[PDB]
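J.: Questions regarding the structure given below will be posed in turn.
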Amino acid sequence: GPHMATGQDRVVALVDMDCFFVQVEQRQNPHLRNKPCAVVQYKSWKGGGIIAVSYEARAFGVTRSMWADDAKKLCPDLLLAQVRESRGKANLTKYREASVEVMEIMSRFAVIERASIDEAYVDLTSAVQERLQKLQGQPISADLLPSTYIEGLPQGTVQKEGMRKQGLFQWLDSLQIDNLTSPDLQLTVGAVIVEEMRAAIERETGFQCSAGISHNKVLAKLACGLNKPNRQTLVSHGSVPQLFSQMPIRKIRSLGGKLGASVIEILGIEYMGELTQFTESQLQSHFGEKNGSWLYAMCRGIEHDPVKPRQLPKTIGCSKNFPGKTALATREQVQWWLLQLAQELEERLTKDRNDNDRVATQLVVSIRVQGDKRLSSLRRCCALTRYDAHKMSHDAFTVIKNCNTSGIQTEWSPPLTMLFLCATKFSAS
DNA sequence: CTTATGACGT
DNA sequence: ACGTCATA
Ligand SMILES: Nc1nc2c(ncn2[C@H]2C[C@H](O)[C@@H](COP(=O)(O)NP(=O)(O)OP(=O)(O)O)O2)c(=O)[nH]1
Ligand SMILES: [Mg+2]
Ligand SMILES: [Mg+2]
Ligand code: NA
């Protein structure tokens, strides 16, 4: 009805880099450019574990979580770059730094929420209103949207760019005619700005990215993945019913795990759109008040989670798995690795303080023990009063030492399969 | 045979 | 404070 909210109050973008770590490595080594390429961690065991894959390499079926030795079977010519290894562990510093390059460019256009090392949300609502005033009812040319897809169009040509343009033309013709709503116009100007943002990013870093533009974070994120790489996608409120009608529930953010599986199992459905049939109370009874409320609105393309003004990460941490045989079975060994972890952390904390005028005040220590399915066996915290690796490693050991079942002080049992140090609770410096 | 992040429940 | 989930 007239009083019914449609969740069209905001313009939100999600900008996500294509094959991020690969591009960073490609920029540094031109030999890797425009080639089937992947980035791995370590190399001894099975060639190393792949965590990023160029789109050339993806065409051969290489994916994330694949051992490099196995990827080579699919793609014999696969080029590999290795994550920096420091103090016996993976060091992601280059990418965190590359991340900052991108975040800083994005932050010139609008307030951003860093969502991961390679992506951020953008609230473009104010920016759109400002650009709209500047444009005096002056129509929007397709030249202003050279990489934009309008999801759901065309409707009513053989090549992809041909279909992109026709859908875009159909969309633009419906704004200029007055067939579309003002939210639609707002989304379009938002997409214009994102084109500019993405141009600035590539010019100034050499990195390409994709983007989604919509009315909320979830639709923005979903939209971004629709036309990767090097393209942006506008998902309108109107496109939602068709989009969601065959959209598997697991594809929506936060529903890719257990909750999503329970939604599918309990309700006996498969697609996001099928959720509209249930009342809010019904959804609440099965999945709780909060989730139920979120699911009722989300299946209608409505989501209110704000873009938090947070450009920097809330936490600074590092970890290392010691699986199977490599599990840490002595006290001396556990302490040595706590020191390696603490040294990297201290290095990152020190730079963080100089860069961002803040200090962590709490240190979180997490371990995993052999034979435990759970990712984390035990979590403990202590005060973080000094940026000193020796103290931090020593304190971390103090808070976890009790775990040691072994009767001998010299040996550690059950052996440790993971160590994790996280600096948290920042305050102004 | 990974290394991170953020959010939420109790 | 601690554990769990979700992301990738
Ligand atoms: N250490 C570690 N780094 C990872 C892992 N998974 C991903 N990364 C790193 C490597 C990734 O480059 C980066 C960004 O994550 P995505 O955006 O999910 N993948 P990409 O940007 O590669 O491709 P596209 O977005 O176009 O699909 O984070 C992991 O399990 N562990
Ligand atoms: Mg990416
Ligand atoms: Mg990403
Ligand atoms: Na090359």
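Here Cβ is always computed from backbone atoms with ideal geometry, including for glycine, and neighbour counts include all displayed protein chains. All of this is worked out from the model, or read from it or from the source named; nothing here is a laboratory result.
J.: How many residues, within region A:309-332, are in a strand (DSSP E or B) and in contact with a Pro (Cβ under 8 Å, 6 or more places away or on another chain)?
T.: Step one: of region A:309-332, the residues in a strand (DSSP E or B) are A:310, A:316-321, A:328-330.
Filter once more, so that each one left must be in contact with a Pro (Cβ under 8 Å, 6 or more places away or on another chain): A:328-329.
Summing the residues that are in a strand (DSSP E or B) and in contact with a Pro (Cβ under 8 Å, 6 or more places away or on another chain) in region A:309-332 gives 2.
J.: So which helices (runs of 4 or more DSSP H) are wholly in region A:135-249 and hold at least 2 residues that are within 16 Å of ligand 2 (Cβ to nearest atom) and out of contact with any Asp or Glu (no Cβ under 8 Å at 6 or more places or on another chain)?
T.: Helices (runs of 4 or more DSSP H) meeting the threshold: A:182-205, A:217-226.
J.: Specify the residue that is surrounded by the fewest Cβ atoms within 10 Å (Cβ to Cβ); the eligible residues are those in region A:339-376 that are assigned to a loop (DSSP other than H, G, I, E, B) and touching a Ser or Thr at 6+ places or on another chain (Cβ under 8 Å).
T.: A:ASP357
J.: Okay, moving on. Within region A:59-71, track down each residue that is assigned to a loop (DSSP other than H, G, I, E, B) and either buried (at least 19 other Cβ atoms within 10 Å of the Cβ) or in the same structural domain as A:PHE207 (by CATH) (or both). Before you say what the answer is, go through the steps one by one.
T.: Pass one, region A:59-71, residues assigned to a loop (DSSP other than H, G, I, E, B): A:59-66.
Scanning region A:59-71 gives A:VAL62, A:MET66.
J.: Does A:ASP184 satisfy being among the charged types (D, E, K, R) and within 30 Å of A:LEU255 (Cβ to Cβ)?
T.: When the stated conditions are applied, A:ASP184 passes them.
J.: Consider only pairs whose beta carbons are under 6 Å apart and that are at least six residues apart or on different chains; among these, list those whose first residue lies in region A:14-34 and is on the phi < 0 side of the Ramachandran plot and whose second residue is within 11 Å of DNA strand C (Cβ to nearest atom) and part of a helix (DSSP H, G or I).
T.: Matching pairs, first to second residue: A:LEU14/A:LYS221; A:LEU14/A:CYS224; A:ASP16/A:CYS224.
J.: What residue, among those in region A:72-94 that are within 16 Å of DNA strand C (Cβ to nearest atom) and outside any strand (DSSP E or B), is farthest from A:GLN26 (Cα to Cα)?
T.: For region A:72-94, the residue satisfying everything is A:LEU92.
J.: A further question follows. Which of the following residues is within 24 Å of A:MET418 (Cα to Cα), within 15 Å of DNA strand B (Cβ to nearest atom) and under 23 Å from the mean Cα position of the chain (by Cα): A:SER86, A:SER99, A:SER65?
T.: A:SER65
J.: Here's something else I'd like to know. Mind checking which residues of region A:251-268 are more than 16 Å from DNA strand B (Cβ to nearest atom) and closer than 20 Å to A:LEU219 by Cβ?
T.: Result: A:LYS251, single match.
J.: Being in contact with a strand residue (DSSP E or B) (Cβ under 8 Å, 6 or more places away or on another chain), in the same structural domain as A:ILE408 (by CATH) and surrounded by 14 or more Cβ atoms within 10 Å (Cβ to Cβ): is that true of A:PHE322 here? Spell out how you get there, then give the answer.
T.: Details: in contact with a strand residue (DSSP E or B) (Cβ under 8 Å, 6 or more places away or on another chain): yes; in the same structural domain as A:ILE408 (by CATH): yes; surrounded by 14 or more Cβ atoms within 10 Å (Cβ to Cβ): yes.
Against the criterion (in contact with a strand residue (DSSP E or B) (Cβ under 8 Å, 6 or more places away or on another chain), in the same structural domain as A:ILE408 (by CATH) and surrounded by 14 or more Cβ atoms within 10 Å (Cβ to Cβ)), A:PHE322 qualifies.
J.: Are any of the residues in region A:412-429 loosely packed, with under 14 Cβ neighbours inside 10 Å and either closer than 24 Å to A:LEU92 by Cα or more than 30 Å from the chain's Cα centre (by Cα) (or both)?
T.: no
J.: So, in region A:92-108, how many residues would count as being more than 15 Å from ligand 3 (Cβ to nearest atom) and crowded, with 18+ Cβ neighbours inside 10 Å?
T.: 1
J.: Go through (1) in a strand (DSSP E or B); (2) more than 10 Å from DNA strand B (Cβ to nearest atom); (3) among the small types (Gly, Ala, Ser) one by one and return the number of the condition A:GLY1 breaks.
T.: (1)
J.: Could you say which residue among A:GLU97, A:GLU56, A:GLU101, A:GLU25 is in a helix (DSSP H, G or I) and in contact with a strand residue (DSSP E or B) (Cβ under 6 Å, 6 or more places away or on another chain)?
T.: One residue alone meets the criteria, A:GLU25.
J.: Of everything in region A:129-147 that's under 26 Å from A:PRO309 (Cβ atoms) and either of a type in the set (S, T, N, Q) or buried (at least 22 other Cβ atoms within 10 Å of the Cβ) (or both), which residue is farthest from the chain's Cα centre (by Cα)? I'd like the intermediate steps shown before the answer.
T.: Within region A:129-147, the first condition is being under 26 Å from A:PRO309 (Cβ atoms), and the residues that meet it are A:129-134.
Of the ones still in play, those that are also either of a type in the set (S, T, N, Q) or buried (at least 22 other Cβ atoms within 10 Å of the Cβ) (or both) are A:129, A:133.
Details: A:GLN129: 28, A:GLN133: 33 Å.
Among those residues, the one meeting the criterion is A:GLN133.
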